[PDB]
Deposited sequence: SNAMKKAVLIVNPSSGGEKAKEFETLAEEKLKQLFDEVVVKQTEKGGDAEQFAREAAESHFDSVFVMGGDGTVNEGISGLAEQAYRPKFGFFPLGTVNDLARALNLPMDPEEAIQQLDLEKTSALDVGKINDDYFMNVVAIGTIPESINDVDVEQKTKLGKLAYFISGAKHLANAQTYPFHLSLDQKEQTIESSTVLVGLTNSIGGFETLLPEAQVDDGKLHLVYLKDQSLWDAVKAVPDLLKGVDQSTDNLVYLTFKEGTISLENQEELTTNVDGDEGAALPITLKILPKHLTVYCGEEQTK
């Protein structure tokens, strides 16, 4: 009947004129929708709750104005609902990986301006145990000028323990020893747009990378591979894709994942792709 949209705003996202961006977005949506409900997040979980309530109320569309944290929550609130509103977002964050993957303008005002209800794309969603992810599941990752970044960073690989991971992926079984495992959905992770160049938002796959490091010396050698973009296995890392899989430890230890930048489920974890799960408003590319 009446086309309705909710606009979920994280006021802590963005900078000084973020409030002005909210006004632009609201007046733009009011041109497109008969009714626009504006909801402001106050704490963790709010965006997820708002998005879910919008789905239960059969709203036409759900829009998020915030960073990746708020976008994840919003998508989490929609995921596997019997009816799912179309999803849109206006990036206010410092990174905005999903925006990059969908070729949205980095500039919020431009993103609002170029919103086209006709311009959509299917969007895979990740599932990890009982939760959802939209960008990445990371395992085991947490005077000299430009050189200091290595002496701090290339070192901090040493601080990274190796684990006996077992990977059960699409009914293929293997045990590895590694300090670092990443599972991504799109080409962009942490603002590095070329990390997974072959990954597409609707290719229906999870993309896994792990380092073949045992020493601090093999981990360091993987760094140029990551910079070039991971599209194949090398001497220093392995690249795999899968639809469904379980990652566990062969010597069970309390190991917690990092999911879209936040502490997530502990191992073991079962990861699944939800292919073409959402309809998202995208760029004109």
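Engineer: Where are the holes in the model when you compare it to the deposited sequence?
Structural biologist: Missing CA coords at 1-2, 145-157, 301-303.
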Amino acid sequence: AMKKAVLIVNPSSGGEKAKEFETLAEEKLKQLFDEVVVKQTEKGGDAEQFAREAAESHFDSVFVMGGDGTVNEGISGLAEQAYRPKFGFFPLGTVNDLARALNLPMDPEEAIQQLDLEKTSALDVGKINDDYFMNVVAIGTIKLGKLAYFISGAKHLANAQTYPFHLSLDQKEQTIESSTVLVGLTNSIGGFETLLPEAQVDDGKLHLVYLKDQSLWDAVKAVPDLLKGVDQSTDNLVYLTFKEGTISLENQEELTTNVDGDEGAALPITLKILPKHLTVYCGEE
From here on, numbers count along this sequence of modelled residues.
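Engineer: Tell me which stretch, 270-278 or 21-29, has the higher mean Cα B-factor listed in the entry.
Structural biologist: The entry gives the higher C-alpha B-factor average to 21-29.
Engineer: On average, are the C-alpha B-factors higher in 54-62 or in 219-227?
Structural biologist: That would be 219-227.
Engineer: Which one of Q214, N129, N135, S168 shows the top CA temperature factor in the record?
Structural biologist: The record points to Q214.
Engineer: Which one of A154, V209, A99, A79 shows the biggest C-alpha B-factor in the PDB entry?
Structural biologist: Highest C-alpha B-factor among the listed options: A154.
Engineer: Taking the chain's C-alpha temperature factors as the reference, tell me which third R84 falls into: lowest, middle or highest.
Structural biologist: It falls in the middle third of the chain.
Engineer: Considering every modelled residue of the chain and its Cα B-factor in the PDB entry, is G67 in the lowest, middle or highest third?
Structural biologist: Tercile = highest for this residue's CA B-factor.
Engineer: Sorting the chain's CA B-factors, does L115 end up in the lowest, middle or highest third?
Structural biologist: Its C-alpha B-factor, which the entry lists for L115, ranks in the highest third among residues of this chain.
Engineer: Could you look up the Cα B-factor of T257 in the entry and say which third of the chain it sits in: lowest, middle or highest?
Structural biologist: As the PDB entry reports it, the C-alpha B-factor of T257 lands in the lowest third of its chain.
Engineer: Of the three thirds of its chain by CA temperature factor, lowest, middle or highest, which one includes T246?
Structural biologist: It belongs to the lowest third of the chain when residues are ordered by C-alpha B-factor.
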